[PDB]
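Take a look at the structure set out below.
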There are 2 protein chains.
Amino acid sequence: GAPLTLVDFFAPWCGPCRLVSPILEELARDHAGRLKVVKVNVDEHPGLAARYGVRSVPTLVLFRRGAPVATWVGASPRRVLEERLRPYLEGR
Amino acid sequence: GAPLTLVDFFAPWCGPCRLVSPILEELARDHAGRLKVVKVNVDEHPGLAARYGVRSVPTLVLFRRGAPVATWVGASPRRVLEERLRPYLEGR
Ligand SMILES: [Mg+2]
Ligand SMILES: [Mg+2]
């Protein structure tokens, strides 16, 4: 399968981001062979956030072959995130 | 449930967009009470495409409460699109 990288755009002053980040790390750990998770502090790298259209946090962007294939805005429960990622994890 | 609007950013010179557009219209028809689909020709409205970070077509952007909540890049089979939308259609 093509490698997948989930980028977690967050800010230190964001409450919901606090919820999501450990869920994402658990996910990466649980699907280590197929999924890499990287956190990007939007206040540390605003140009990067702008390059990928991040206008609020948390924003999760899934990359395949070095380009975004999906972007989800806002925090969501573990179950919801698992299900969004599953088709990509089970796909080519 | 909050109304949902799926925006289909396409271009007349895009092959895959030809596949996706009728699938999206079938979806809207099939979930008429909860989902509205709008097509935006990126060559007709480049400012709009840029506002929502559209860099390739087709790009599908789901709006809830007037703001994007999810964005999927590229064409996908009917089954895959149905499943991406289902949680939002079944959610608040
Ligand atoms: Mg899992
Ligand atoms: Mg349907």
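What follows draws every value from the coordinates through simple rules; no lab data is involved. Cβ atoms come from the backbone with ideal geometry, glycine included; neighbour counts cover every protein chain shown.
Being closer than 25 Å to B:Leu85 by Cβ, touching a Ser or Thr at 6+ places or on another chain (Cβ under 6 Å) and hydrophobic (A, V, I, L, M, F, W, C) is the requirement here; does A:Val61 meet it?
On the way: closer than 25 Å to B:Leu85 by Cβ: yes; touching a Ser or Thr at 6+ places or on another chain (Cβ under 6 Å): yes; hydrophobic (A, V, I, L, M, F, W, C): yes.
Judged against the criteria, A:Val61 is a match.
Given (1) touching a residue at least 40 places away in the same chain (Cβ under 8 Å); (2) within 14 Å of ligand 1 (Cβ to nearest atom); (3) over 10 Å from the mean Cα position of the chain (by Cα), identify the lone condition not met by A:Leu24.
(3)
Can you tell me which residue in the range A:78-90 is farthest from ligand 2 (Cβ to nearest atom), limited to those that are touching a residue at least 40 places away in the same chain (Cβ under 8 Å) and either in contact with a helix residue (DSSP H, G or I) (Cβ under 8 Å, 6 or more places away or on another chain) or within 11 Å of chain B (Cβ to nearest Cβ) (or both)?
Initially, the range A:78-90 is screened for residues touching a residue at least 40 places away in the same chain (Cβ under 8 Å), giving A:78, A:81-82, A:85, A:88-89.
Filter once more, so that each one left must be either in contact with a helix residue (DSSP H, G or I) (Cβ under 8 Å, 6 or more places away or on another chain) or within 11 Å of chain B (Cβ to nearest Cβ) (or both): A:78, A:81-82, A:85, A:88.
Working: A:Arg78: 26, A:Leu81: 23, A:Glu82: 22, A:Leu85: 21, A:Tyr88: 21 Å.
My answer is A:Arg78.
Consider the range A:65-80. How many of its residues are more than 15 Å from B:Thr59 (Cα to Cα) and not hydroxyl-bearing (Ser, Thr, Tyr)? Working first, answer last.
If we filter the range A:65-80 for residues that are more than 15 Å from B:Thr59 (Cα to Cα), which is where we start, we get A:65-66, A:73-80.
Next, from what is left, pick out any that are not hydroxyl-bearing (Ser, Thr, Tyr): A:65-66, A:73-75, A:77-80.
Here the count works out to 9.
Picking from A:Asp8, A:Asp30, which residue would you name as being crowded, with 20+ Cβ neighbours inside 10 Å, under 23 Å from B:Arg84 (Cα atoms) and either touching a residue at least 60 places away in the same chain (Cβ under 8 Å) or more than 16 Å from ligand 2 (Cβ to nearest atom) (or both)? Before the answer, list the steps.
Details: A:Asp30 fails: crowded, with 20+ Cβ neighbours inside 10 Å.
From the options A:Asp8, A:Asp30, the qualifying one is A:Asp8.
Any chance the range A:1-19 includes a residue that's among the β-branched types (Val, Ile, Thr) and more than 14 Å from A:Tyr88 (Cβ to Cβ)?
Let us first name the residues in the range A:1-19 that are among the β-branched types (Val, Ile, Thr), namely A:5, A:7.
Retained after the next criterion (residues that are more than 14 Å from A:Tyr88 (Cβ to Cβ)): none.
Taking every residue of the range A:1-19 in turn, none turns out to be among the β-branched types (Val, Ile, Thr) and more than 14 Å from A:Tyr88 (Cβ to Cβ).
Among the residues of the range A:49-76, write down those that are away from every other protein chain (no Cβ under 11 Å) and free of Cβ contacts under 8 Å to residues at least 12 places away in the same chain.
A:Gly66
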